[PDB]
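A.B. asks: Mind having a look at this structure? Questions to follow.
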Amino acid sequence: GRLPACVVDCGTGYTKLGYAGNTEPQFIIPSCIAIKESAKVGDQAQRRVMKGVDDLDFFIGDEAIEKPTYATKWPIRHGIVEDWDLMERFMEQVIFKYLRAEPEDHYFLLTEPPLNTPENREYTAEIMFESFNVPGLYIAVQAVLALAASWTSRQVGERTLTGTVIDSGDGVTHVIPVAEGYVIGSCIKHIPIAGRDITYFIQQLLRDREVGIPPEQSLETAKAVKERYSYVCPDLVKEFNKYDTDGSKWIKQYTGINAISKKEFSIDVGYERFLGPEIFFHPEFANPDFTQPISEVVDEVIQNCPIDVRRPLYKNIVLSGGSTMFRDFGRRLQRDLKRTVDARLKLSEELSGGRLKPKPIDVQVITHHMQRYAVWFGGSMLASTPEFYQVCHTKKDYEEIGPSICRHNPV
Amino acid sequence: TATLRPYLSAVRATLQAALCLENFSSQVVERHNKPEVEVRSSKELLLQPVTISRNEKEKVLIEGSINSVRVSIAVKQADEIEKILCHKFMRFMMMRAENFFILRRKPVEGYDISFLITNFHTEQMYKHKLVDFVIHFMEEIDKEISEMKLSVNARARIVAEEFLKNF
Amino acid sequence: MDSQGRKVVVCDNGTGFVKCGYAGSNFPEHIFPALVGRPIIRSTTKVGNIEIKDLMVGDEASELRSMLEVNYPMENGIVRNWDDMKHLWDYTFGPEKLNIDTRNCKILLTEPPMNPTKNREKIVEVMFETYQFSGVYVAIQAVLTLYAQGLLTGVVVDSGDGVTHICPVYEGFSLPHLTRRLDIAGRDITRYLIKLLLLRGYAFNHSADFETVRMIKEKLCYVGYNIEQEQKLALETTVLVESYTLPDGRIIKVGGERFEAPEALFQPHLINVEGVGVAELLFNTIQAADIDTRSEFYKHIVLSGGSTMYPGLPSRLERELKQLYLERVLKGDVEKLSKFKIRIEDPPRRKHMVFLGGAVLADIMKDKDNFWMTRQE
Amino acid sequence: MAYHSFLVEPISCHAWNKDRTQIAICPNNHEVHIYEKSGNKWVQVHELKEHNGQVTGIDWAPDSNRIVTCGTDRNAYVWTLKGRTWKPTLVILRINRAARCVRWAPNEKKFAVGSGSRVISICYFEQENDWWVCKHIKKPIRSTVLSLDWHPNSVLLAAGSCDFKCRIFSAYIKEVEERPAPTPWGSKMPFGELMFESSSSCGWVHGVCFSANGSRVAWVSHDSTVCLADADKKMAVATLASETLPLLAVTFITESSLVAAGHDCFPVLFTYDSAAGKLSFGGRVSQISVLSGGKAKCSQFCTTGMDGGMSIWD
Amino acid sequence: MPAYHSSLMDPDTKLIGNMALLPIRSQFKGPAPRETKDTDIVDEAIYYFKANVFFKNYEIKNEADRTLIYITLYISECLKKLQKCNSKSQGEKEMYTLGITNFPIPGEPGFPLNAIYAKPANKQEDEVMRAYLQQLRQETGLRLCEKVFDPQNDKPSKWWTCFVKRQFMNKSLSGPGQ
Amino acid sequence: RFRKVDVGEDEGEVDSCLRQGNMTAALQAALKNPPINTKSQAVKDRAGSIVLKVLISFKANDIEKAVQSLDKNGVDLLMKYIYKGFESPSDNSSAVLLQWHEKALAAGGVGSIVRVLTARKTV
Ligand SMILES: Nc1ncnc2c1ncn2[C@@H]1O[C@H](COP(=O)(O)OP(=O)(O)O)[C@@H](O)[C@H]1O
Ligand SMILES: Nc1ncnc2c1ncn2[C@@H]1O[C@H](COP(=O)(O)OP(=O)(O)O)[C@@H](O)[C@H]1O
Ligand SMILES: [Mg+2]
């Protein structure tokens with residue numbers, strides 16, 4: 001009968017695949033593509049030239065991350081698709097090999113990062129409508145799906161249709177204010193830090209401190225210590241002193257296996273336990289030209305929103321995406337915000353002589369178990385609804401108007 | 001019918017006369033500076049359109065103006081397959097118009113590609129090498145389409161082999 | 001100047017640029033940005049032999065700004081930093097600019113209309129209780145553009161860095177209830193310009209680079225005359241894409257952002273501001289004036305301040321007024337519009353007309369005491 | 001070919017100091033640079049930077065030593081050397097579109113600005129305001145005015161235009177100037193009367209010049225044509241069409257010879273004879289001017305162009 | 001943004017050039033008075049050092065910041081010597097000979113921050129701040145030498161020598177002119 | 001909605017010379033009658049068709065003598081007719097007009113073409 005629409009979330013770290021109406025994605029796969037590298041013998045003078053069926057000799061996902069004779073490429077960068085040649089191939093095997101959905105009769109929900117240039121929406125619709133032959137497509141704003149995932153999962157009676165959603169994927173962090181289900185797009189701010197920058201900062205810091213990690217596995221170990229040993233610290237200068245004095249308890253051994261010799265190797269894990277995710281609060285570490293802490297940006301977003309909605313937003317700050325999963329992350333963000341807002345009120349008592357005391361503001365930062373796939377889940381619930389088939393761009397629309405139907409966006 | 005050398009030479013001598021552009025601030029808005037061939041808002045600054053064609057299907061239209069010239073050209077889609085392959089080639093060239101500084105992002109209606117040269121391009125770029133690029137495009141375009149037709153035929157044959165050989 | 005030999009300085013204390021000089025001048029003697037900065041060390045920018053003093057102000061604080069953290073001491077018409085602003089005046093009357101013995105001078109100041117009263121109070125305070133001027137007068141920015149134009153009636157569209165005002169004046173009578181603010185002006189367009197270039201992939205995100213994008217804006221932006229034409233032209237052809245070199249020689253390409261940013265004056269919802277654009281706000285101001293003043297006001301729309309300088313603003317503004325008059329007064333009687341006499345006074349000297357008005361008024365008034373506040377009362 | 005590349009970018013105008021020791025140029029921006037002939041090599045000595053948009057014409061008054069500039073910002077400014085630094089004077093130009101050309105009058109009491117506003121502004125000093133004020137020539141000019149030249153009597157002004165027609169106008173400013181003598185163009189010459197109209201109908205008229213006797217105007221057009229109207233044949237006009245690209249600027253060098261230049265990037269001589277009334281291609285970029293000997297008997301002339309740089313010829 | 005800034009700018013404390021002559025709790029000879037509180041400017045620098053080197057923008061509040069920054073620049077230099085030292089005894093002897101070398105002073109060429117420090121004009125300025133900066137160096141090196149060497153083996157410890165590469169906002173007190 | 005308001009706005013001689021074989025004069029005979037002034041459209045299409053008959057029926061080796069017989073006025077007229085025939089393609093016509101172009105260009109140069117582009121009264 002009626003076949004479920006497909007949901008594809010083209011993350012910068014992990015693409016997430018499945019069909020509408022499921023509580024989980026059917027596949028989580030790293031958004032990389034392995035291509036045959038032997039062309040590099042000729043390709044010394046110019047980029048690899050394809051002939052025959054050589055461009056079908058590629059692998060994606062876990063089939064591609066450690067193959068011995070293929071060069072892994074990472075097509076997506078800051079959420080944007082940077083090499084459409086490789087992404088177009090990546091889509092082919094996603095649809096036909098993994099999902100095994102014939103595109104001709106499945107609607108697609110395909111996610112977008114809020115920073116996406118209009119030109120890149122034209123290309124993505126053009127590939128889905130014209131390289132494939134999708135009957136209808138909907139480019140959906142990741143942040144709204146993340147909020148709805150929390151809305152539909154969280155306890156009844158606290159299902160507020162308003163919140164500030166912080167989405168930190170692997171590429172970029174977005175802070176999106178929502179009121180009554182409408183995105184206040186004017187007030188969006190972007191923080192140019194995410195999982196990659198945390199990984200690279202650990203990767204650099206290990207390569208200063210701990211030579212002996214083989215370069216091929218330098219990225220693997222930086223990723224592993226990040227996900228397993230790192231935490232958001234309470235106070236930086238004091239933490240260094242804690243590590244210097246009680247190093248016997250704070251320094252942790254990590255043991256790795258050599259990809260080639262299969263000898264074991266081991267390292268101390270140290271300051272890069274709390275350094276790393278600290279770059280959210282001190283972006284100047286990883287990024288030369290950004291300096292506002294996340295707990296500063298979030299308040300500037302809310303305090304630009306209409307005066308009525310500001311108080312509702314502080315009650316429902318939603319964390320989303322895997323880079324928000326560090327231990328104690330939300331606890332510190334709340335503390336920094338609370339220290340910022342209560343002082344803002346206290347000033348307005350003195351500038352009013354204490355004749356009236358303002359009601360406090362209840363900064364609350366909320367977290368939920370979907371966070372590895374929350375955007376996808378929010379899409380799969382949307383795509384189950386009958387309204388989705390009314391909202392989608394129908395293929396006939398792309399016949400009457402070109403790619404230009406996908407110029408627009410929430411901003 | 002007509003050979004390629006006369007056709008290109010007639011185009012070159014025509015286009016060589018049309019690139020005598022000048023800087024010219026517009027009369028219709030306070031101090032905007034815009035190519036008259038595209039805004040067309042005053043008509044004593046537009047030159048007479050001229051056309052050069054070697055047969056009933058391959059034609060070059062030159063539309064001059066005091067500060068800009070638009071060159072729009074059509075190429076023979078001799079086969080059903082060539083219409084598809086030519087459209088894609090033009091689309092992917094036109095998709096990069098910020099790099100081809102003299103290229104429009106959409107064709108002129110009824111032409112396959114269309115260039116727009118401003119006075120600024122004739123001042124910054126070598127004017128004579130812009131003509132040579134239009135001519136070099138016009139020489140090579142059908143050789144390039146022929147190569148695509150062959151390369152698609154080759155792929156179809158190899159894919160057919162990879163199925164049948166398994167039985 | 002005075003018969004007492006006292007000079008009469010005119011000092012338009014703008015939120016962007018201080019514009020300064022003497023009575024009777026056809027030009028401001030000095031233009032420099034109302035800017036204050038402190039030295040900062042950065043890892044990226046090199047350090048050299050150009051010494052940065054512990055405080056820098058004005059032109060120097062903008063020219064050296066890469067080594068500085070900079071503040072504007074004044075925002076949206078309001079003094080934020082009574083310390084830094086005193087340093088800005090200390091620079092304005094100091095050796096670098098008007099090297100004046102302030103106790104030998106009369107001064108003419110400007111205030112934006114509808115400003116909060118504690119602002120004027122603190123200004124009048126310091127001009128006696130710190131600089132001790134021989135006399136002080138505060139002049140309204142609306143009438144000064146009329147003096148610079150030589151008129152006695154009009155509606156002033158004053159559009160600075162900080163805020164935009166519409167102010168009718170009829171035969172020298174003020175109509176103060178008709179004064180309308182619009183919360184869009186040149187600083188908001190520059191913040192909006194940043195937010196568009198970030199979408200193209202360029203990050204600026206520093207106080208130093210706030211001034212860099214201003215110089216982009218002034219050089220490259222223009223108000224589109226027929227916004228459907230501008231979007232068609234950008235969609236059809238590459239012509240708009242024009243390249244700018246940052247101070248470090250990075251090259252950036254600026255496209256449709258050239259007109260999408262100034263368009264905030266005509267579709268304020270492109271910024272967060274709820275309201276209507278300068279054209280409709282002006283029209284609704286004149287359609288609130290007393291019935292027979294209205295037909296004079298359409299013949300004397302006067303533009304003032306630097307944010308009016310966008311190429312095509314007078315043409316665009318006059319078209320929007322004709323469209324509204326046909327829609328709302330003539331009720332669609334297209335032929336009747338040919339009688340509608342509308343003039344927008346768009347003199348090339350437009351930017352400084354608030355200052356040139358003060359120069360004219362001070363030149364008229366210099367010996368005519370009973371005008372300046374005096375004896376430090 | 002004496003040559004020097006000041007800039008790579010188009011030298012959009014130039015004007016020469018009284019003794020040719022200094023040259024004023026636009027470096028393709030809204031600033032004017034003055035260079036002094038520091039021996040064999042040029043050195044920049046001043047940078048006049050008051051304009052708010054690209055300067056489109058410069059002229060330098062040789063007796064009074066004043067520089068007038070106009071631009072697409074709709075400003076004009078008269079620059080006077082106050083001690084050591086050039087300072088501007090306002091022109092109340094009153095035009096609603098770009099200025100395109102400026103020329104001082106031979107008596108330097110007045111100057112004219114051609115513009116996109118379909119008018120010629122005639123400017124003269126108004127000393128009670130310390131600014132310059134305009135009267136507008138207007139009636140038959142249907143499009144923008146591209147180039148101007150003054151009759152040596154400082155009253156008759158010849159103008160070329162995008163509506164294909166060269167014209168002579170009587171710019172007699174009764175406020176500043178004694179009534180002129182009669183001329184072969186006519187005895188009437190109140191302000192703005194139309195003395196002459198071109199027969200042409202096709203190309204834009206890029207350049208216009210008077211002979212040093214004022215009895216002849218020549219113009220050059222986008223048709224790759226030269227014409228010469230002679231007042232003593234009672235305004236009979238010679239024509240010569242040519243095989244090369246259009247000509248952008250022209251000057252007389254004697255009463256019987258012209259030099260012109262165009263998109264062909266080299267100068268061309270056109271002679272004329274008063275007997276048959278025909279131009280002749282004696283043969284061989286953006287504008288031409290005479291360095292020495294004037295329009296009566298030039299000994300050196302110079303050229304600048306969009307291709308950049310300055311060139312001097314004998 | 002906010003890197004750590006000096007706490008101890010008492011209004012009683014005299015200035016030379018643009019640097020504050022804070023008291024020092026040192027046995028080395030020098031012109032600043034003897035500190036007696038537990039914290040000291042050299043210990044501020046040494047306590048902050050690990051955190052402070054990561055920040056990439058630094059806004060000078062006062063002359064004490066121009067003083068404390070100089071210490072961190074010198075710590076980021078002493079670590080170069082003592083990482084090579086086989087023993088604490090070698091390092092301590094080495095460090096004494098390091099600090100007495102004639103490092104540039106404000107505005108003398110090769111000094112890294114000529115935009116931000118002004119040269120002392122006179123002998124009683126110049127000689128005294130040399131006599132001050134010398135004893136700062138002497139003390140600063142010795143206080144590192146007490147804590148960078150792990151007491152179990154006099155290994156110059158991995159956790160401190162890790163920082164040798166991480167120059168303080170890319171500024172070297174060695175000076176870029178060499 | 002304010003934003004959207006539109007506001008502020010011979011043949012009997014030609015075929016005689018051809019049938020006589022006076023082909024060089026048959027070119028002249030066509031060029032005597034330029035309908036430049038005509039407001040009528042169909043007169044222009046007629047005049048262009050008549051001259052095209054001469055250009056096509058000319059022998060290719062004799063085009064050099066034909067063009068060289070014209071004056072500079074005739075050469076500018078010949079170009080204005082050449083660029084017209086290119087807008088009515090036909091199997092033979094384009095091949096000969098591209099040859100007439102090269103010889104008219106050798107006589108008139110690029111300047112003759114500019115006078116086609118600048119011609120304000122379209123023939
Ligand atoms: N337990 C964890 N703690 C911290 N980071 C994690 C954890 N698990 C995964 N991550 C990181 O989450 C990042 C982003 O993953 P994901 O949210 O799927 O990104 P996207 O959806 O934008 O592709 C990855 O860099 C991954 O390393
Ligand atoms: N050529 C220009 N075009 C558009 N805007 C301009 C131009 N020149 C200056 N501006 C803008 O003018 C403002 C300068 O402030 P100003 O006009 O002096 O207002 P105020 O006097 O109220 O400070 C700045 O916002 C600047 O960006
Ligand atoms: Mg102002």
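FYI, nothing fancy with the structure tokens labels: chains A, B, ... in order, residues from 1 per chain, ligands from 1 as they appear.
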How would you report the residues lying within 7 Å of ligand 1, as a list in words, if you count only C-alpha atoms and all ligand atoms?

C.D. replies: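 What falls inside 7 Å of ligand 1 is residues 10, 11, 12, 13, 14, 15, 168, 169, 170, 171, 195, 196, 223, 226, 227, 228, 321, 322, 323, 324, 325, 326, 372 and 373 of chain A.
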
A.B. asks: For residue 164 of chain D, please output as a tab-separated table (two decimals) with C-alpha atoms, in the first residue's frame all residues within 6 Å (counting only C-alpha atoms; exclusion window: fewer than 4 positions along the same chain).

C.D. replies:
```
chain	number	residue	atom	x	y	z
D	201	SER	CA	21.62	61.35	-37.56
D	202	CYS	CA	23.42	58.07	-36.76
D	203	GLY	CA	26.48	57.93	-34.49
D	204	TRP	CA	26.99	59.54	-31.11
D	205	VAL	CA	29.20	62.66	-31.23
```

A.B. asks: Hey, which of D:72, D:5, D:211, D:274 ends up closest to chain C? Count only C-alpha atoms.

C.D. replies: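 Smallest separation from chain C among the options: D:72.
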
A.B. asks: When you look at segment 144-150 of chain C with a cut-off of 7 Å (counting only C-alpha atoms), what residues show up, excluding the ones that are within fewer than 6 positions of it in the same chain? I need them as number ranges by chain.

C.D. replies: C: 304, 353-354, 356-358, 360

A.B. asks: Which parts of segment 32-164 of chain B does DSSP call helix (DSSP H, G or I) when run on the backbone here, written out as number ranges by chain?

C.D. replies: B: 36-39, 80-94, 119-124, 127-164

A.B. asks: Please identify every polymer residue within 9 Å of ligand 2, using only C-alpha atoms and all ligand atoms, and present the set as a short mmCIF file (atom, residue, chain, number, x, y, z; two decimals) with N, CA, C and O atoms, in the first residue's frame.

C.D. replies:
```
data_model
loop_
_atom_site.label_atom_id
_atom_site.label_comp_id
_atom_site.auth_asym_id
_atom_site.auth_seq_id
_atom_site.Cartn_x
_atom_site.Cartn_y
_atom_site.Cartn_z
N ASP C 12 28.82 69.69 14.95
CA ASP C 12 27.74 68.71 14.79
C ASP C 12 28.22 67.35 15.32
O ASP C 12 28.95 66.63 14.65
N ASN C 13 27.79 67.03 16.54
CA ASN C 13 28.34 65.94 17.34
C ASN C 13 27.71 64.58 16.99
O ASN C 13 27.12 63.90 17.82
N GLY C 14 27.83 64.22 15.71
CA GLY C 14 27.12 63.05 15.21
C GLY C 14 27.57 61.76 15.87
O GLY C 14 28.68 61.64 16.38
N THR C 15 26.66 60.77 15.87
CA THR C 15 26.96 59.46 16.45
C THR C 15 27.97 58.68 15.62
O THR C 15 28.63 57.78 16.16
N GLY C 16 28.09 58.97 14.34
CA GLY C 16 29.14 58.42 13.52
C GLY C 16 30.34 59.34 13.41
O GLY C 16 31.41 59.05 13.95
N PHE C 17 30.17 60.45 12.71
CA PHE C 17 31.23 61.42 12.46
C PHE C 17 30.98 62.70 13.24
O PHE C 17 29.88 63.24 13.22
N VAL C 18 32.02 63.18 13.92
CA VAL C 18 32.07 64.57 14.33
C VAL C 18 32.37 65.43 13.11
O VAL C 18 33.31 65.17 12.36
N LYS C 19 31.55 66.47 12.91
CA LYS C 19 31.64 67.35 11.75
C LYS C 19 31.72 68.78 12.26
O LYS C 19 30.75 69.28 12.84
N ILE C 31 36.36 66.46 9.34
CA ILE C 31 35.48 65.30 9.46
C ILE C 31 36.30 64.16 10.05
O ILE C 31 37.31 63.75 9.47
N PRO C 33 35.68 60.28 12.56
CA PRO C 33 34.71 59.42 13.25
C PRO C 33 34.77 59.57 14.76
O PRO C 33 35.84 59.66 15.37
N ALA C 34 33.58 59.59 15.37
CA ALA C 34 33.41 59.62 16.82
C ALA C 34 33.79 58.26 17.40
O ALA C 34 32.94 57.42 17.72
N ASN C 76 22.64 55.50 18.74
CA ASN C 76 21.24 55.80 18.42
C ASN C 76 20.83 57.20 18.89
O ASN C 76 19.66 57.44 19.21
N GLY C 77 21.79 58.12 18.93
CA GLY C 77 21.57 59.47 19.41
C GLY C 77 21.84 59.70 20.88
O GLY C 77 21.72 60.85 21.33
N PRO C 112 19.52 65.71 18.17
CA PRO C 112 18.41 65.01 17.52
C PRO C 112 17.11 65.26 18.25
O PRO C 112 17.08 65.38 19.49
N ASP C 158 15.83 63.12 7.88
CA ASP C 158 17.18 63.15 8.43
C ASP C 158 17.61 61.72 8.77
O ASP C 158 16.98 61.07 9.60
N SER C 159 18.68 61.24 8.13
CA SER C 159 19.05 59.83 8.21
C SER C 159 20.55 59.71 8.43
O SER C 159 21.34 59.70 7.48
N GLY C 160 20.94 59.61 9.70
CA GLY C 160 22.33 59.50 10.08
C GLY C 160 22.80 58.07 10.21
O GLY C 160 22.25 57.14 9.62
N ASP C 161 23.86 57.90 11.02
CA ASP C 161 24.31 56.57 11.39
C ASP C 161 23.34 55.91 12.37
O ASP C 161 22.98 54.74 12.21
N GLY C 162 22.91 56.65 13.38
CA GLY C 162 22.21 56.06 14.50
C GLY C 162 20.72 55.84 14.33
O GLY C 162 20.22 54.74 14.61
N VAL C 163 19.98 56.85 13.87
CA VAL C 163 18.53 56.79 13.78
C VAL C 163 18.06 57.73 12.67
O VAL C 163 18.75 58.68 12.30
N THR C 164 16.87 57.45 12.12
CA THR C 164 16.25 58.27 11.09
C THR C 164 15.01 58.99 11.63
O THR C 164 14.19 58.38 12.32
N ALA C 185 18.78 52.91 10.55
CA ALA C 185 19.73 53.88 10.03
C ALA C 185 21.03 53.17 9.71
O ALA C 185 21.10 51.93 9.72
N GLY C 186 22.08 53.95 9.44
CA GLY C 186 23.26 53.41 8.79
C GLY C 186 23.98 52.31 9.55
O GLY C 186 24.61 51.44 8.94
N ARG C 187 23.92 52.33 10.88
CA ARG C 187 24.56 51.27 11.65
C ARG C 187 23.83 49.94 11.50
O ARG C 187 24.46 48.88 11.46
N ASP C 188 22.50 49.97 11.43
CA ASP C 188 21.75 48.73 11.25
C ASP C 188 21.99 48.13 9.88
O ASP C 188 22.06 46.91 9.73
N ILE C 189 22.12 48.97 8.85
CA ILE C 189 22.43 48.45 7.53
C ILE C 189 23.82 47.82 7.51
O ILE C 189 24.06 46.85 6.79
N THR C 190 24.75 48.35 8.30
CA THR C 190 26.09 47.78 8.36
C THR C 190 26.13 46.47 9.14
O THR C 190 26.85 45.54 8.77
N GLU C 211 34.35 48.61 11.04
CA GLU C 211 34.67 49.73 10.16
C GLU C 211 35.02 49.30 8.74
O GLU C 211 34.79 50.05 7.79
N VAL C 213 33.60 46.84 7.00
CA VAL C 213 32.36 46.65 6.27
C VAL C 213 31.62 47.96 6.04
O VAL C 213 30.82 48.05 5.10
N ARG C 214 31.85 48.98 6.86
CA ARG C 214 31.33 50.30 6.53
C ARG C 214 31.93 50.82 5.23
O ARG C 214 31.22 51.38 4.39
N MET C 215 33.24 50.64 5.05
CA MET C 215 33.89 51.12 3.84
C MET C 215 33.46 50.32 2.62
O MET C 215 33.40 50.86 1.52
N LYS C 217 30.37 49.12 2.44
CA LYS C 217 29.02 49.64 2.24
C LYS C 217 29.03 50.94 1.45
O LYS C 217 28.30 51.09 0.46
N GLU C 218 29.86 51.90 1.87
CA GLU C 218 29.89 53.19 1.21
C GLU C 218 30.35 53.08 -0.24
O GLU C 218 29.85 53.80 -1.11
N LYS C 219 31.30 52.19 -0.52
CA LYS C 219 31.84 52.06 -1.86
C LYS C 219 30.95 51.25 -2.80
O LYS C 219 30.90 51.55 -4.00
N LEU C 220 30.26 50.23 -2.29
CA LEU C 220 29.62 49.25 -3.16
C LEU C 220 28.10 49.24 -3.10
O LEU C 220 27.47 48.89 -4.10
N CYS C 221 27.49 49.61 -1.98
CA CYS C 221 26.05 49.47 -1.86
C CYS C 221 25.33 50.56 -2.65
O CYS C 221 25.85 51.66 -2.86
N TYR C 222 24.12 50.23 -3.09
CA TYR C 222 23.24 51.19 -3.75
C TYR C 222 21.81 50.77 -3.51
O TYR C 222 21.50 49.57 -3.42
N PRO C 262 20.83 47.97 1.80
CA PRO C 262 20.09 49.23 1.92
C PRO C 262 18.58 49.08 1.84
O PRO C 262 17.86 49.97 2.31
N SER C 304 18.62 64.64 4.34
CA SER C 304 19.77 65.04 5.15
C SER C 304 20.51 63.83 5.69
O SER C 304 19.91 62.79 5.98
N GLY C 305 21.82 63.98 5.86
CA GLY C 305 22.65 62.99 6.50
C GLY C 305 23.14 61.90 5.56
O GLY C 305 22.59 61.65 4.49
N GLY C 306 24.23 61.25 5.99
CA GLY C 306 25.00 60.40 5.11
C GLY C 306 24.28 59.17 4.61
O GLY C 306 24.59 58.66 3.53
N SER C 307 23.31 58.67 5.37
CA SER C 307 22.58 57.48 4.94
C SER C 307 21.56 57.78 3.85
O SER C 307 20.89 56.85 3.39
N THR C 308 21.43 59.03 3.43
CA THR C 308 20.70 59.36 2.21
C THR C 308 21.54 59.25 0.95
O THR C 308 21.00 59.43 -0.15
N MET C 309 22.84 58.97 1.06
CA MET C 309 23.74 59.08 -0.09
C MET C 309 23.74 57.86 -1.00
O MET C 309 24.40 57.91 -2.04
N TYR C 310 23.06 56.78 -0.64
CA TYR C 310 23.02 55.59 -1.47
C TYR C 310 22.56 55.94 -2.89
O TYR C 310 21.52 56.59 -3.05
N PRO C 311 23.31 55.56 -3.92
CA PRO C 311 22.90 55.85 -5.30
C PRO C 311 21.49 55.39 -5.60
O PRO C 311 21.18 54.20 -5.49
N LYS C 351 25.28 65.62 2.73
CA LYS C 351 25.70 65.02 3.99
C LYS C 351 25.82 66.04 5.12
O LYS C 351 25.29 65.84 6.21
N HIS C 352 26.51 67.14 4.86
CA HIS C 352 26.86 68.12 5.87
C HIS C 352 25.81 69.20 6.08
O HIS C 352 26.09 70.19 6.77
N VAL C 354 23.28 69.56 7.94
CA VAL C 354 23.08 69.96 9.33
C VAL C 354 24.18 70.90 9.80
O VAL C 354 23.90 71.91 10.46
N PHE C 355 25.43 70.61 9.46
CA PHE C 355 26.52 71.52 9.81
C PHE C 355 26.44 72.82 9.03
O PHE C 355 26.56 73.91 9.61
N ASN D 52 32.98 62.54 -3.99
CA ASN D 52 32.33 61.36 -3.43
C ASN D 52 32.01 60.31 -4.50
O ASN D 52 31.27 59.36 -4.23
N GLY D 53 32.57 60.46 -5.70
CA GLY D 53 32.32 59.52 -6.78
C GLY D 53 33.13 59.94 -7.99
O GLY D 53 33.63 61.07 -8.06
#
```

A.B. asks: Chain C residues within 10 Å of chain A, counting only C-alpha atoms: which ones, as JSON, numbers by chain?

C.D. replies: {"C": [42, 43, 44, 192, 195, 198, 199, 200, 201, 203, 204, 205, 206, 235, 269, 270, 271, 272, 273]}

A.B. asks: Please check the contacts: residues of chain F at most 8 Å away from chain C, using only C-alpha atoms, listed as number ranges by chain.

C.D. replies: F: 1-3, 5-8

A.B. asks: Using only N, CA and C atoms, please write the residues we just selected to a file, as a PDB file, in the first residue's frame.

C.D. replies:
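Output contents, as saved in out-v5.pdb:
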```pdb
ATOM      1  N   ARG F   1      -1.345  47.623  -3.374  1.00  0.00           N
ATOM      2  CA  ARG F   1       0.005  47.350  -2.896  1.00  0.00           C
ATOM      3  C   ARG F   1       1.031  48.244  -3.588  1.00  0.00           C
ATOM      4  N   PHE F   2       1.497  49.252  -2.845  1.00  0.00           N
ATOM      5  CA  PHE F   2       2.253  50.367  -3.413  1.00  0.00           C
ATOM      6  C   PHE F   2       3.394  49.897  -4.309  1.00  0.00           C
ATOM      7  N   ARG F   3       4.215  48.978  -3.794  1.00  0.00           N
ATOM      8  CA  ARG F   3       5.402  48.475  -4.484  1.00  0.00           C
ATOM      9  C   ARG F   3       5.146  48.058  -5.932  1.00  0.00           C
ATOM     10  N   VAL F   5       2.730  49.155  -8.149  1.00  0.00           N
ATOM     11  CA  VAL F   5       2.081  50.111  -9.046  1.00  0.00           C
ATOM     12  C   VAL F   5       3.062  50.581 -10.119  1.00  0.00           C
ATOM     13  N   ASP F   6       2.715  50.342 -11.385  1.00  0.00           N
ATOM     14  CA  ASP F   6       3.475  50.872 -12.516  1.00  0.00           C
ATOM     15  C   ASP F   6       3.245  52.376 -12.642  1.00  0.00           C
ATOM     16  N   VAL F   7       4.325  53.162 -12.571  1.00  0.00           N
ATOM     17  CA  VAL F   7       4.223  54.613 -12.444  1.00  0.00           C
ATOM     18  C   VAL F   7       5.480  55.276 -13.000  1.00  0.00           C
ATOM     19  N   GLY F   8       5.348  56.554 -13.362  1.00  0.00           N
ATOM     20  CA  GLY F   8       6.461  57.383 -13.786  1.00  0.00           C
ATOM     21  C   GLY F   8       6.981  57.140 -15.185  1.00  0.00           C
TER      22      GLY F   8
END
```
